[PDB]
Amino acid sequence: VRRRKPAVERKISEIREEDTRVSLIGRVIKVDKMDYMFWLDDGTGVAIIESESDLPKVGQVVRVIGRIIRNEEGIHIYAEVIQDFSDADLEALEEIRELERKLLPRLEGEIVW
Amino acid sequence: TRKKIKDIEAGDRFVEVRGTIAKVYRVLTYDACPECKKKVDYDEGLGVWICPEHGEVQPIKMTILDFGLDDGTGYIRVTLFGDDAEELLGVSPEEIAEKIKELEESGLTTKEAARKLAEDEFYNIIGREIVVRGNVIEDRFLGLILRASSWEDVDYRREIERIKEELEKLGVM
Amino acid sequence: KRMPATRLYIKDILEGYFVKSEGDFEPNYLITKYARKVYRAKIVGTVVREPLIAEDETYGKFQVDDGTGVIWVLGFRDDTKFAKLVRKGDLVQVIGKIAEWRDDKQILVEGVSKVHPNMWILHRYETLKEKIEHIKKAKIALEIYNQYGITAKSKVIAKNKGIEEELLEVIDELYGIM
DNA sequence: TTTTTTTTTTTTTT
Ligand SMILES: [Ca+2]
Ligand SMILES: [Ca+2]
Ligand SMILES: [Ca+2]
Ligand SMILES: [Ca+2]
Ligand SMILES: [Ca+2]
Ligand SMILES: [Zn+2]
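Residues numbered from 1 in each chain as written, not as in the entry; some residues may be left out. Chains lettered and ligands numbered in written order. Heavy atoms only, no water.

**Some details on the overall build of chain B**
Here is the rule: Helix numbering and strand numbering both begin at the N terminus, where a helix is a DSSP run of H or I of at least 4 residues and a strand a DSSP run of E of at least 2. Throughout this description, buried means an accessible area under 20% of the type-specific maximum (1.4 Å probe, protein chains only), exposed means over 50%, and partly exposed covers the range between. Two residues qualify as a contact provided that any one of their heavy atoms is within 4.5 Å of a heavy atom in the partner residue. Working definition of accessibility: Shrake-Rupley area with a 1.4 Å probe, residue cover restricted to the visible protein chains.
Within chain B one finds four helices and eight strands. If you list the helices and strands of chain B from N to C, you get β-β-β-β-β-β-α-α-α-β-β-α. Summarising its shape, the C-alpha atoms of chain B cover approximately 75 × 35 × 30 Å along the three principal directions. Residues counted as buried form 47% of the 173 residues belonging to chain B. For chain B, long-range pairs separated by at least 24 residues make up 57% of all intrachain contacts whose partners lie at least 6 apart in sequence. Counting only carbon and sulfur atoms, one obtains 45% of the accessible surface of chain B, whose full area is about 9200 Å².

Right, here's the structure in full:
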């Protein structure tokens, strides 16, 4: 039963070898309309996002959910979902990511039946 | 003043509740007096619209929206009127009146047509997070009904700050 | 009475224990690993696949991913309309009843609507706050249950510590299931 | 400040 693996939230610089589906959030810096690819910069790195149909605009803040593709040319993301994150408070998002990282493992470990 | 639905009582005044639209009971329009906003009666003998308080008046279409709201701690019925209801529904009262007329012509009463239009056309509004402000009246069988004076979109930064305050009380920050 | 919709991670729903009420009018509910009795679920995630509408329009379904898990959301008969509202990629908030089919928990759509990215952030903040609040209360209630069980004395002690009487029953029920 | 008055429940899926 190959159930859909939830998209693992990561930073471009923190992508792991074992990751197969990721959620990245960044700003578009370059769009290639002929090869349907775009360059996403999150502050921690730049990822080449291969899109099938939806191409964002340059300078737009977007959230990408995609599968990681590992080849001889490097690591590119085959985009599945591209959402407009232009009015998103990334400062608040970063703060909640740190809170979950710290508190979630402690909450699970509090179970003493 | 921000109050959780679990803390709401009958007769509550100026309560602010942030929650999710959970159910749509009825969507309908009625002819109202432009001054007192009360239901006007059409006199077939004189061909005019009569308001019990202001007499012969030019009627305006008033929208009524009855729905439910959930905040995670409780559930409350909500009613919006006119411009507030039209703003949330995104449809003009004249267009709603036309749809109610079509349903009534098919053999439905005003009550039946209002429930049907809410389920068939305004079901898209369900699942939306909003902030409602109003007074709580207690219906003898329907329970607590929040008569919302206004509604507005959620200010996410304001809400996040409230949650941070609660986290500080729990010893997180 | 209409019990509240609990804001939860999809993982907490998936790992829970579904309870099918034997009565034809009793609502079904779920008990999470943290002893939380849940009648309705309130989740925020992304629609990952283009909805599935049966040709005969008997059912409509769509998939929601929140980062902690993936769940199916179902609408039957005319309720198929809910699935038609969404599209692949939409960031949405879903409210509905928890259901279990083929030992896989799912959500019977009561409402689904597109949300702003800041709503997803607010959802995560609220979900974590509620989780911490509940765990701390359930930890104290578990100590009361292990010492006294479900007695008239333990119910008085639970009320004094801000714990609902229902919480002790949930712990007992979870112990019976496990 | 308003119209009209009966709350909520299950089960159905290639
Ligand atoms: Ca794409
Ligand atoms: Ca009062
Ligand atoms: Ca108004
Ligand atoms: Ca107003
Ligand atoms: Ca329904
Ligand atoms: Zn008048």
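**Describing the overall build of chain C**
Counting secondary structure elements, chain C contains five helices and ten strands. Looking at the 178 residues of chain C, the share that counts as buried comes to 57%. When contacts within chain C are restricted to residue pairs at least 6 apart in sequence, those whose partners lie at least 24 apart make up 59%. When the accessible surface of chain C is summed, it comes to about 8200 Å², and 50% of that surface belongs to carbon and sulfur atoms.

**Observations regarding the UniProt feature "domain: OB" (unreviewed entry) in chain C**
Put simply, the rule is: UniProt positions are given in the numbering used here, feature names are shortened, and annotations may be inferred rather than shown by experiment.
According to UniProt, the positions carrying the feature "domain: OB" (unreviewed entry) are residues 43–113 of chain C. Structurally, residues 43–113 of chain C is divided into 7% helix and 59% strand, and its ends, taken at the C-alpha atoms, are 11 Å apart.

**Topic: the interface of chain A and chain C**
Interfaces are often described in size by the accessible area the parts lose on coming together. As a reminder of what qualifies: The quantity reported as buried area is the accessible area (1.4 Å probe) lost by two parts once they are put together, taken as the sum for both. The term salt bridge refers to a side-chain nitrogen of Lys or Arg lying within 4 Å of a carboxyl oxygen of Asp or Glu. In protein, a polar contact requires one atom able to donate a hydrogen and another able to accept it; more generally it is a pair of N or O atoms within 3.5 Å, and residues adjacent in sequence count only if both atoms are side-chain atoms.
On the side of chain C, 36 residues touch chain A, which itself brings 32 residues to the contact. The largest per-residue losses of area from chain A upon contact with chain C belong to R4, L107 and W113 of chain A, which jointly make up 27% of the total buried on that side. On the surface where chain A and chain C come into contact, there are five salt bridges. At the boundary of chain A with chain C, the tally comes to 14 residue pairs in polar contact. Only β5 (61–71), β6 (74–84) and α1 (90–108) of chain A provide two or more residues apiece to the side of chain A that touches chain C. If you tally residues by element for the side of chain A that touches chain C, the top one is α1 of chain A, at eleven residues.

**Things to note about the packing of α1 of chain A against helix α4 (residues 156–170) of chain B**
What counts here: Axes here refer to lines fitted to C-alpha atoms; in helices the fit is confined to the stretch in contact. Angles between the N-to-C directions go from 0 to 180 degrees. Here is the rule for angles: anything less than 35 degrees is roughly parallel, anything more than 145 is roughly antiparallel, 65 through 115 is roughly perpendicular, and the remaining ranges are oblique. Note: crossing handedness is left-handed where the near helix turns anticlockwise from the far helix by less than a right angle, and right-handed where it turns clockwise. Following the grouping adopted for this structure description, the nonpolar residues are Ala, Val, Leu, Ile, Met, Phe, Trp, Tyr, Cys and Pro, the charged ones are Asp, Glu, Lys and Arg, and the polar ones are all others, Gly among them.
In contact at an axis separation of 12 Å, α1 of chain A and α4 of chain B are set at 25° when each is read in the N-to-C sense. In terms of their interaxial angle, α1 of chain A and α4 of chain B are classed as roughly parallel. Seen along the crossing, α1 of chain A lies across α4 of chain B with a hand that is left-handed. In this structure, α1 of chain A uses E91, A92, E95 and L99 of chain A to contact α4 of chain B, whose residues at the interface are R157, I160, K164 and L167 of chain B. Taken together, the residues that form the contact of α1 of chain A with α4 of chain B break down as four nonpolar, no polar and four charged.

**Some points on the UniProt feature "binding site: Zn(2+)" (unreviewed entry) in chain B**
Residues and elements named next belong to chain B. As annotated by UniProt and renumbered to match this structure, "binding site: Zn(2+)" (unreviewed entry) occupies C33, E35, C36, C51, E53 and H54. The annotated residues occupy 22 residues of the chain but converge on a single region, no pair of C-alpha atoms lying more than 9.5 Å apart. On the accessibility criterion, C33 (0% relative accessible area) is buried. The contact partners of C33, leaving out residues within four places of it in the chain, are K38, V40, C51, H54, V57 and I60. Summarising the element assignment, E35 is placed in the loop between β1 (15–32) and β2 (41–43).

**Section: the protein's contact with DNA strand D**
Note the threshold: When at least one non-hydrogen atom of a residue lies within 4 Å of a molecule or strand, that residue is treated as near it.
Every one of the 31 residues lining DNA strand D counts as a neighbour, but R26, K39 and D139 of chain B together with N28 and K97 of chain C are closest to it. A breakdown of the atoms of DNA strand D within 4 Å of the protein gives sugar and phosphate a share of 50%. Of all the elements in the fold, those that place two or more residues in the surface near DNA strand D are β1 and α3 (110–120) of chain B together with β8 (70–76) and β9 (91–101) of chain C. Broken down by element, the surface near DNA strand D gets its largest block of residues, four residues, from β1 of chain B. Partitioning the surface near DNA strand D into residue classes produces twelve nonpolar, two polar and 17 charged.

**Observations concerning a negative patch on the surface**
Put simply, the test is: Two joining distances apply to patches: 9 Å for like charges and 5 Å for nonpolar side chains (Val, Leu, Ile, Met, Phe, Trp, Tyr), and every residue must have over 30% relative accessible area and no salt bridge. Under the convention used here, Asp and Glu are negative, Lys and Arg are positive, and both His and the chain ends fall outside the count. Taken as the charge location is NZ of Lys, CZ of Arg, CG of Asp or CD of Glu.
Together, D83, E86, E87 and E94 of chain B make up a region of like negative charge exposed at the surface. The leading source of residues in the negative patch is helix α1 (residues 83–89) of chain B, at three residues.

**A few points about the pairing of strand β3 (residues 48–51) of chain B**
All names here are of chain B. Note the cut-off: When DSSP locates at least two bridges between a pair of strands, those strands are taken to pair.
Note: β2 against β3, three bridges, orientation antiparallel. Bridge pairing in β3 places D41 opposite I50. Joining the antiparallel neighbours β2 and β3 is a turn of four residues, in which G47 adopts a positive phi near 70°. Pairing geometry for β3 and strand β4 (residues 55–56), over two bridges, is antiparallel. Paired with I50 across the bridge in β4 is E56. The turn joining β3 and β4, which pair antiparallel and follow one another in sequence, is formed by three residues.

**What about the interface of chain A and chain B?**
Taken together, the contacts link seven residues of chain A with six residues of chain B. In total, about 470 Å² of surface goes out of reach between chain A and chain B, with carbon and sulfur atoms giving 53% of it. Seen at the junction of chain A and chain B, the total is three salt bridges. The salt bridge partner of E95 of chain A is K164 of chain B, with a shortest N-O separation of 2.7 Å. Between the two partners, chain A and chain B, sit three residue pairs in polar contact. Within the side of chain A that touches chain B, the residues separate by chemical class into three nonpolar, no polar and four charged.

**With respect to the packing of aromatic side chains**
Test applied: Put simply, two rings from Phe, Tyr or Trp (the six-membered ring, in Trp's case) pair if the centres are within 6.5 Å, and we call them stacked under 30 degrees between planes, edge-to-face over 60, tilted for the rest. Charge over a ring is defined by NZ of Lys or CZ of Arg lying within 6 Å of the ring centre and within 35 degrees of the ring normal.
Counted under the stated rule, the structure contains six aromatic pairs over all chains. Their ring planes at 25° and their centres at 5.6 Å tell us that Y145 of chain C and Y175 of chain C sit as a pair that is stacked. You can see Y145 of chain C sitting in helix α3 (residues 117–147) and its partner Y175 of chain C sitting in helix α5 (residues 165–177), a full 30 residues away along the chain. Given a relative accessible area of 18%, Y145 of chain C falls into the buried group. According to the relative accessible area criterion, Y175 of chain C is partly exposed, its value standing at 28%. Ring pairing ties together the aromatic residues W113 of chain A together with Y145 and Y175 of chain C, which thus form one cluster. The ring of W39 of chain A carries the charged tip of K30 of chain A above its face, separated from the ring centre by 4.7 Å. If you follow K37 of chain C out to its NZ or CZ, it ends over the ring of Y29 of chain C, 4.3 Å from the centre.

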